[PDB]
Participant: 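Quick one: structure below, then a few questions.
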Amino acid sequence: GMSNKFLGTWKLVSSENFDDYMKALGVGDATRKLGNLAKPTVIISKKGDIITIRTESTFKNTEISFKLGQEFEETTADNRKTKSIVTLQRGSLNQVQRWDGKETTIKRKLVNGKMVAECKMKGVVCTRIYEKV
Ligand SMILES: CCCCCCCCCCCCCCCC(=O)O
Ligand SMILES: [Cl-]
C-alpha cells in the first residue's frame, strides 16, 4: 500500500505555477492572491485502510479521508464539490477530482525525502514541494 514515508507533517517550501493552476480551476483574483501567499502544512495520517490528508493554512483548511480506489465526496479549498479517487502508481499517490464535466489531478510522490505535488489542469502543470517537519 501507501509507503509509511508519506505519514507525517509536511511544510510547503516551494511552489511553481500555482497562480496559473488556480486560474485553470476558475479561482477569482482576490482568492488567488491569498492562495499564492499561503504556506500550508499538509498532514498525512492513516487509521487502518483509511488514509487522511489534512491541509492547514491561515486562509483555508481542508481534510479528505479515503480508501485507495474508492470514490468519495470531496470539498476542495476553493469550495468545489468533487467526486474524487486516490490511486497508487509506482509509489505515487495520485488524486483525481471530477466536477461539472471537468477534471484535475494532484500527484504526490516522495523524492529524496521531499513530497512533490504535481497539480495538472488542462495544459497547466503546477509543482509544489514539501519538506518533512
Ligand atoms: C490551502 C491554500 C490554498 C487556498 C487557495 C484556494 C485555491 C484553490 C486551490 C485548490 C487546490 C490546491 C492544490 C494544492 C495541493 C497540495 O499542494 O497539497
Ligand atoms: Cl498559511
Side-chain angles (χ1 to χ4, degrees):
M2 184 182 71
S3 171
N4 286 331
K5 291 162 176 165
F6 275 105
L7 307 171
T9 303
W10 302 89
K11 174 67 175 187
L12 186 74
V13 296
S14 177
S15 186
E16 177 259 321
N17 210 33
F18 193 52
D19 187 72
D20 282 329
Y21 172 71
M22 287 190 289
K23 283 182 177 186
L25 298 165
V27 181
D29 292 336
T31 307
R32 297 199 318 275
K33 304 270 221 65
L34 301 173
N36 287 315
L37 290 166
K39 255 93 169 271
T41 301
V42 170
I43 300 104
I44 300 174
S45 61
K46 181 182 189 66
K47 290 173 183 283
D49 63 339
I50 297 177
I51 301 168
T52 298
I53 294 176
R54 181 178 175 76
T55 304
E56 274 170 15
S57 79
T58 297
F59 181 46
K60 293 292 189 192
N61 295 333
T62 59
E63 193 183 276
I64 62 176
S65 292
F66 55 89
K67 308 185 192 191
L68 287 168
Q70 301 187 226
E71 201 176 62
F72 65 98
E73 294 290 335
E74 170 173 14
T75 297
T76 63
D78 50 313
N79 198 40
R80 280 173 292 115
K81 303 291 175 169
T82 72
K83 303 196 191 309
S84 301
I85 318 174
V86 181
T87 56
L88 252 189
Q89 313 179 210
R90 309 177 108 164
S92 187
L93 201 67
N94 299 331
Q95 176 190 14
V96 63
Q97 297 168 342
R98 289 181 181 100
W99 75 107
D100 300 325
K102 292 151 185 177
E103 195 185 304
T104 187
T105 48
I106 301 97
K107 297 187 166 64
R108 297 174 172 92
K109 54 169 176 197
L110 300 170
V111 193
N112 297 90
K114 308 290 143 63
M115 180 163 69
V116 183
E118 274 170 26
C119 317
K120 296 197 197 207
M121 174 69 175
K122 29 233 188 190
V124 182
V125 186
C126 162
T127 302
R128 288 158 74 79
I129 302 173
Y130 297 72
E131 81 183 351
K132 200 71 136 297
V133 284

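Position 1 is the first residue of the sequence; numbering continues from there. Each ligand, and each atom within it, is numbered from 1 in the order the structure gives.
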Participant: Identify whether NZ of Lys or CZ of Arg in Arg128 sits under 6.0 Å from the centre of the six-membered ring of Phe18 and within 45° of that ring's axis.
Facilitator: yes

Participant: Can you pull out every ring pair (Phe, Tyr, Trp, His ring centres under 6.0 Å) where at least one residue sits in residues 69-100? Sequence neighbours excluded, please.
Facilitator: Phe66-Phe72

Participant: Can you get from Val86 to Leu7 by hopping between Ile, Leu, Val, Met, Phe, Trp and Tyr side chains that sit under 4.5 Å apart?
Facilitator: yes

Participant: What residues form a side chain to side chain contact (heavy atoms under 4.5 Å, CB included) with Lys120, not counting sequence neighbours?
Facilitator: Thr105, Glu118, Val125

Participant: Strictly distance-based, threshold 3.5 Å: is any side-chain N or O of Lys60 a donor or acceptor partner for the main-chain N or O of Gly35?
Facilitator: no

Participant: With sequence neighbours excluded, tell me which residues meet side-chain hydrogen bond (donor to acceptor under 3.5 Å, both in side chains) with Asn17.
Facilitator: none

Participant: May I have every N or O pair linking ligand 1 to the protein at under 3.5 Å, one per line with atom names and distance?
Facilitator:
from     : atom 1 : to     : atom 2 : distance (Å)
ligand 1 : 17 (O) : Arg128 : NE     : 3.0
ligand 1 : 17 (O) : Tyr130 : OH     : 2.5
ligand 1 : 18 (O) : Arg108 : NH2    : 2.9
ligand 1 : 18 (O) : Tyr130 : OH     : 3.4

